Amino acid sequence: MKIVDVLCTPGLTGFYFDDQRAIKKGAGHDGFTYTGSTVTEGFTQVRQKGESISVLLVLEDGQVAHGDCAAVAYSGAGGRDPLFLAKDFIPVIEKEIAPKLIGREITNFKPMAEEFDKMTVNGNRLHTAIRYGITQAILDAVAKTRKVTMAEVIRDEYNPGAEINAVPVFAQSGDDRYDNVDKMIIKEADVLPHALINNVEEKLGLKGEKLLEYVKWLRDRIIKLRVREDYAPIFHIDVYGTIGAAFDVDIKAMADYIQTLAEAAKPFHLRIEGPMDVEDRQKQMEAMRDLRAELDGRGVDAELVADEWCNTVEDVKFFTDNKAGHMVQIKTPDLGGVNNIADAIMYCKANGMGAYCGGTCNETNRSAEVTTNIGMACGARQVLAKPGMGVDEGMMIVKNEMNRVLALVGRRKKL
């Protein structure tokens, strides 16, 4: 099957481009908007519409493969590629990438994805978001050519022989950590709520006392609201390094604190994302490794999820190798070509590291469908319900795709 055409359309995402540098300097509030001057190049406002590029591969048989280019909300922030304005990046795809695809015979997903993930123009690598879209399109093209699900393609090429099963769906609440919890309970998230505990005083408490009461509220809320008695989701709470800050990164003091969180969470199981956030990757690994080893040596039944300083596939291998937490976050848009997600997940598996197949609230419905398929195929420990902060939509996009994929795969076994 040849590719005969390549179309690009600009688009929306499930959220916003936020000027992080402006927000961290003290950008004020006004309704759903931020105020004051923009700090980051390219921004016209501190908050503006998040953008995507839909990449369409017209196939020889007339089918159309579809992937979406997207970046995180903090597009163009520290250590990221420039603000992903479709206007700036459609011309690159149309003049540098499309001619490399038109007339190409569709081969396996792995080699083609890798070619396009590493490709250079003027000796310079492609914007992560473009690699993200183009490889999603390529995966969808392989799947359509072979008449199977994207999951199945990824399984064949990255996880030979394995079963494809449902993956636990993790929902994120943002600051509305009470109302969106209700949403998640009612939509039966397998993992919840993130809770956006990004403030020591306001959100954690100076002694961690606020999060402690939140965990108790959360446990009770589930017991009260759940339709089915046997619905028992896993707690996943992101403390943006505030446990570290509130306890001066004292390994033992953090673990003692975390133990009381666990006591408060029971009967439910507790995952804490980003306990600490220290000053370099080496020392983040060490602090995660040792806090895990502390928790583990004492038999405190809480898991740590890596985030801060764990970005690249190389990072994923580094945190994995060194058991720097119990779960490593695989950051789908940041990794560029979606083949890297599968590589990263499969490394985690091979080394017994829990794999959180993540994403951004600022990507699309399509990009979410694709990476869900990857998550399923590689047996990730959980996948993010995404995009958007509405919760319902993100859960629907991700779980419905999961459900249909399992239906189709199961049909194929009995043929």
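When you see a residue number, it is the position in the sequence shown, counting from 1.
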Task: Mean temperature factor over C-alpha atoms, higher-scoring stretch between 246-254 and 186-194 - done: 246-254
Open item on the list: When the Cα temperature factors in the entry are averaged, is it 265-273 or 130-138 that ends up higher?
Closed with: 265-273
Open item on the list: In terms of recorded Cα temperature factor, pick the maximum from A151, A324, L101, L83.
Closed with: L101
- [ ] Choose from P333, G161, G174, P168 the residue with the greatest Cα B-factor as stated in the PDB record.
- [x] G161
TODO: Can you work out whether the C-alpha temperature factor of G379 puts it in the lowest, middle or highest third of the chain?
DONE: lowest
Task: Chain third (lowest, middle, highest) by recorded CA B-factor, residue given as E286 - done: lowest
Task: Within-chain third of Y214 by Cα B-factor, per the entry - done: middle
- [ ] Compare the C-alpha B factor of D307 with those of the other modelled residues in its chain, then answer lowest, middle or highest third.
- [x] lowest
Open item on the list: Sorting by Cα B-factor within the chain, modelled residues only, which third would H236 end up in: lowest, middle or highest?
Closed with: lowest
